[PDB]
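Just so you know, the protein sequences line up as chains A and B, in that order. Position in the first sequence (from 1) plus 9 gives the number in the deposited numbering. Position in the second sequence (from 1) plus 9 gives the number in the deposited numbering. Where is the CB? At the ideal position from N, CA and C, for every residue including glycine.
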Amino acid sequence: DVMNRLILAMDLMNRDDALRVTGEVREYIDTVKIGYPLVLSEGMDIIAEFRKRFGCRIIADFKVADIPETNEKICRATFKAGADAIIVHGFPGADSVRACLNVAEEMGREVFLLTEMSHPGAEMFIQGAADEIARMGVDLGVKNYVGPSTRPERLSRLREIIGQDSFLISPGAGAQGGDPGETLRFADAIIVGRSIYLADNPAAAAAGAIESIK
Amino acid sequence: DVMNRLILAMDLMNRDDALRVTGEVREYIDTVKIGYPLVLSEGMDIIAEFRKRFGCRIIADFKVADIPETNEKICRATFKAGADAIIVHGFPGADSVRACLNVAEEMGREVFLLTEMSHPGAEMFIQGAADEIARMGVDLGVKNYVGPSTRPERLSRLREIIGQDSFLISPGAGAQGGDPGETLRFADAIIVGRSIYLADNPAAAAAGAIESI
Ligand SMILES: O=c1cc(O)n([C@@H]2O[C@H](COP(=O)(O)O)[C@@H](O)[C@H]2O)c(=O)[nH]1
Ligand SMILES: O=c1cc(O)n([C@@H]2O[C@H](COP(=O)(O)O)[C@@H](O)[C@H]2O)c(=O)[nH]1
């Protein structure tokens, strides 16, 4: 369970701006998604910086998509840096997912399995594999999933596959055109990035998001 | 064209060991693949350190696999850090690939498109998409590709799709069981990691790999 069903996608690329904006909306969220735009710009230490400053859960959105051996290394370094969870692509297959699950279990952290993506290009290859990727996750005991706000019927199908007990978060609301309300019919929380962090008043944008799903 | 058709996959996770081992084999290679194991352990500054210390080409193996907007940011940060090239997954589709191509063109760097992967799990979803992924790359003017040493007939088919002029590099030789010689029937260079960097004598391992080819 995530505060206000709202996860901030902090994809600003310098620490001052990222910390300032996160500080502006800190009252509205307790979970922040940090990805490569911020990490590759400021270093992995930025994760510990967020956890200390905001007391928030951090999901490391690294879309892990390598062979098992390399996946293990990526997960180890990421959890060592303090991430509570890591997002892993399902498309590379079950061995690559299991590698991540092993490290997460060892270290007491979580894996989120990325099924279908929210952007148009997801239609080409990912969409056709997505139901089976979700099922693979279920079969392996994965409990956390990511699916697209921009395709409510796909999101609904993924929820059907993973069951009511699995945790499902969903990006694509706001900038990419997804609707928070519709999305939360199926997802437990929505991921929101630009529509908050590029807003003239990010606190107002966050409050507005929450208001509309009150 | 890379020196000795051999690209070092430097996946050690601390600066001292990575720099030491790369130094031991610097005579045999002019191209190093640096990925997230090293970068997430030591920081993006490690790329510039490699380029200055070894004068090598650096391929940032980041398997970029996000939406276009995020892909653009990842490529910008990566090329800003000095990477000569970046490896991008094709599975997320054409828009995600074009986002990377845009930044690469802007900054005078290269994109390598990952088609099929070398590990067993690649059978599940990637293999069935790989020919079309390769074709997508061709249609977009991609000139650099990655394909698997572990599946020579797949690698051969990928070469057929991309044509003789495209540059194809291939991981999976050594630790994963691929054969350097067979692989180089189709790929322009092999990527080698553990069989060199975990070797008791990495210089001998590199020399040996080269001698066999
Ligand atoms: O299917 C996917 C999976 C993601 O993690 N994401 C990501 O979630 C975020 C979306 O942010 P935004 O609200 O600005 O569109 C980004 O960090 C992005 O990389 C995506 O948009 N679609
Ligand atoms: O299909 C793929 C694509 C890769 O980049 N790689 C990668 O290339 C390297 C292989 O190293 P090794 O020789 O130790 O198996 C690793 O860095 C790894 O992540 C892979 O092994 N198969």
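Amino acids of chain A, ordered along the chain, whose beta-carbon sits closer than 9 Å to that of residue i
| i | result |
| --- | --- |
| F59(B) | By Cβ distance, chain A contributes nothing, its closest Cβ being about 16 Å from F59(B), past 9 Å. |
| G150(B) | Within chain A, no residue comes near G150(B); the closest Cβ sits about 17 Å away, beyond 9 Å. |
Listed by chain order, chain B residues near residue i by CB distance under 9 Å
| i | result |
| --- | --- |
| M22(A) | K82, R85, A86 |
Nearest-angstrom beta carbon gap, residue j and residue i [assumed within contact, 8 Å]
| i | j | result |
| --- | --- | --- |
| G102(B) | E81(A) | Incorrect: roughly 27 Å between the Cβ atoms, too far for contact. |
| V155(A) | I178(A) | 6 Å |
| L49(B) | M53(A) | 6 Å |
| residue 224(A) | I219(A) | In the structure as shown, chain A starts at 10 and stops at 223, and residue 224(A) therefore has no counterpart that could be examined. |
| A198(B) | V11(B) | 5 Å |
| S221(A) | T192(A) | Not quite, the Cβ-Cβ distance comes to about 11 Å (not below 8 Å), so this is no contact. |
| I170(A) | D140(A) | 6 Å |
Closest residue to residue i among the options (Cα-Cα distance)
| i | options | result |
| --- | --- | --- |
| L110(A) | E125(A), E141(A), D148(A), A138(A) | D148(A) |
| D25(A) | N13(A), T40(A), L47(A), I16(A) | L47(A) |
| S165(A) | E36(A), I55(A), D10(A), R194(A) | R194(A) |
| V97(B) | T87(B), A86(B), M53(B), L122(B) | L122(B) |
| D70(A) | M22(A), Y45(A), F88(A), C84(A) | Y45(A) |
| residue 223(B) | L21(B), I170(B), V112(B) | A query on residue 223(B) cannot be resolved here, the shown segment of chain B reaching from 10 to 222 and no further. |
| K42(A) | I67(A), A27(A), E58(A) | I67(A) |
| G187(A) | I83(A), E162(A), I171(A) | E162(A) |
| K89(B) | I55(B), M145(B), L21(B) | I55(B) |
| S127(A) | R160(A), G146(A), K223(A), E33(A) | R160(A) |
| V34(A) | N23(A), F59(A), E51(A) | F59(A) |
| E51(B) | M19(B), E36(B), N23(B) | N23(B) |
| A108(A) | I135(A), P77(A), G146(A) | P77(A) |
| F176(B) | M19(B), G190(B), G146(B) | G146(B) |
Chain B residues whose Cβ lies nearer than 7 Å to that of residue i
| i | result |
| --- | --- |
| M53(A) | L49 |
| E119(A) | Under the 7 Å cutoff, chain B gives no residues; its nearest Cβ is about 18 Å from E119(A). |
| residue 241(A) | Missing from the structure shown is residue 241(A); chain A here goes from 10 to 223 and no further. |
| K72(A) | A74, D75 |
Amino acids of chain A, ordered along the chain, whose beta-carbon sits closer than 8 Å to that of residue i
| i | result |
| --- | --- |
| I135(B) | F100, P101, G102 |
| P129(B) | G102, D104 |
Neighbouring residues, chain A, relative to residue i (Cβ below 7 Å)
| i | result |
| --- | --- |
| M126(B) | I76, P101 |
| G172(B) | By Cβ distance, chain A contributes nothing, its closest Cβ being about 21 Å from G172(B), past 7 Å. |
| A138(B) | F134 |
Beta-carbon gap between residue i and residue j smaller than 8 Å
| i | j | result |
| --- | --- | --- |
| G91(A) | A57(A) | yes |
| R203(B) | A182(B) | no |
| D104(A) | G130(B) | yes |
| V30(B) | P211(B) | yes |
| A94(B) | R62(B) | no |
| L17(B) | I205(B) | yes |
| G99(A) | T124(A) | yes |
| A208(A) | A216(A) | no |
| residue 225(B) | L21(B) | As displayed, chain B neither begins before 10 nor continues past 222, which places residue 225(B) out of reach and without an answer. |
| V106(B) | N153(B) | no |
| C84(A) | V73(A) | yes |
Closer than 8 Å at the beta carbon, the chain B residues around residue i
| i | result |
| --- | --- |
| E132(A) | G102 |
_Within the segment 54-92 of chain A, ranges of the alpha helix (DSSP H) (whole runs, at least 4 residues)_ = 54-63, 77-89
*Secondary structure, beta strand (DSSP E): runs of 3+ residues fully inside the segment 103-146 of chain B*: 119-123
*Please specify which runs of the alpha helix (DSSP H), each continuous and at least 4 residues long, are wholly inside the segment 149-205 of chain A, giving them in chain order.*
161-171, 189-192
*Taking the runs of the beta strand (DSSP E) that are 3 residues or longer, which of them lie wholly in the segment 16-47 of chain A?*
40-44
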